[PDB]
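The primary structure of each chain is shown beneath.
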Amino acid sequence: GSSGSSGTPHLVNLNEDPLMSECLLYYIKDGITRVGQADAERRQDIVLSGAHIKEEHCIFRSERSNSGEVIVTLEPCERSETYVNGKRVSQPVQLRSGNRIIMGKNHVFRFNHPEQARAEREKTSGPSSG
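Residues numbered from 1 in each chain as written, not as in the entry; some residues may be left out. Heavy atoms only, no water.

Determination of this PDB entry was carried out by solution NMR, according to the record.

## Notes on the nonpolar core
Generally speaking, soluble globular proteins have nonpolar side chains that are buried together. If you look at the biggest cluster of nonpolar residues, it comprises 17 residues, and the most contacted ones within it are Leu11, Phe60, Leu74, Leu95 and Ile101. Sorting the residues of this core by element identifies β5 (58-64) and β6 (70-74) as the ones contributing at least two each. (Core = buried A, V, L, I, M, F, W, Y, C linked by side-chain atoms within 4.5 Å. Buried < 20%, exposed > 50% of the residue type's maximum accessible area, 1.4 Å probe, protein only. Helix = DSSP H or I, 4+ residues; strand = E, 2+ residues; numbered from the N terminus.)

## Overview of the layout of surface pockets
Of the voids in this model, the largest pocket is the one considered here, and its volume is about 360 Å³. What lines the largest pocket is a set of 15 residues, and nearest its centre among them are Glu69, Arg96, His113, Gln116 and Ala117. Per element, the largest residue contribution to the lining of the largest pocket is three residues, and it comes from β6. The volume enclosed by the second largest pocket comes to roughly 250 Å³. Surrounding the second largest pocket, 13 residues form its lining, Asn13, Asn15, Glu22, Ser49 and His107 being those nearest its centre. For the lining of the second largest pocket, the residue count by class is six nonpolar, five polar and two charged. (1 Å grid on protein atoms, 1.4 Å probe; cavity = no way out; pocket = protein on both sides within 12 Å on 5 of 7 lines; lining within 4 Å. Points joined across faces, edges and corners; volume = space filled by probe spheres on them. Nonpolar A, V, L, I, M, F, W, Y, C, P; charged D, E, K, R; others polar.)

## Some points on the sheet that holds strand β9 (residues 93-94)
As summarised here, the arrangement of the five strands in space is β4-β3-β5-β6-β9, forming an open sheet in which the pairing is mixed. Strand pairing shows two members of the sheet lacking a second neighbour, β4 (46-47) and β9, which therefore form its edges. Pairing of β5 with β6, which is carried by five bridges, proceeds in the antiparallel orientation. Bridge pairing in β6 places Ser62 opposite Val72. (Pairing = 2+ DSSP bridges.)

## A short note on a negative patch on the surface
A contiguous patch of negative charge on the surface is contributed by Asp39, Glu41, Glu55 and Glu56. By relative accessible area, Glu55 is classed as partly exposed at 39%. (Patch = residues over 30% accessible without salt bridge, like charges linked within 9 Å, V, L, I, M, F, W, Y side chains within 5 Å. Areas by Shrake-Rupley, 256 points an atom, 1.4 Å probe, with all protein chains shown as cover. Salt bridge = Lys/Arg side-chain N within 4 Å of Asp/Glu carboxyl O. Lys, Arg positive; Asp, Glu negative; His and termini not counted. Charge placed at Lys NZ, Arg CZ, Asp CG, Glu CD.)

## Some details on the pairing of β6
In terms of burial, β6 is largely enclosed, as five of its five residues are buried. Counted along the chain from β5 to the antiparallel partner β6, the turn is five residues long, and its residue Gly68 has a positive phi close to 110°. In terms of strand pairing, β6 meets β9 through two bridges, oriented antiparallel. Counted as the bridge partner of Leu74 is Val93 from β9.

## What about the sheet that holds strand β7 (residues 82-84)?
Pairing within the open sheet is antiparallel, and its three strands lie in the order β8-β7-β10. Single-partner strands in this sheet number two, and they are β8 (87-88) and β10 (102-103). Relative to β10, β7 runs antiparallel, the two sharing two bridges. Within the sheet, the bridge partner assigned to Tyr83 lies in β10 and is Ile102.

## Digging into the pairing of strand β3 (residues 31-36)
On any regular strand, side chains alternate: one points to one face of the sheet, the next to the other face. Note: β3 against β5, five bridges, orientation antiparallel. Across the sheet, residue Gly31 finds its bridge partner in β5, namely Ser62. As defined by bridge partners, β3 adjoins β4 across two bridges and the pair is classed as parallel. In the sheet register, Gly36 faces β4, and the bridge partner there is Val47.

Structure, rendered in structure tokens:
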């Protein structure tokens, strides 16, 4: 269907729960997006189910680098179960397009970065990377 022409960094629900009555995805705004529970001292932009989650599980920071590109960094905790690109994540690292971010037990999320993925082409072409 048609949700929002705009792209922006948003998380998609790819969990193994196709029956999930919750939202399918979540658009990330500009600033700090705390990922925890609906009870957390502060209002978390995104809330997860289950008990394997923590009030301050992790966070999502979205800021346009000095260069002028929108970047996202995951700020996990020391007492939370978070995994990125398959591995674990305890330090503030930048997320990639298509990386698997899990929060808790079975709470996966696909980071969609169309805003940048659109310029992927414009980027240098002559040279080759890998």
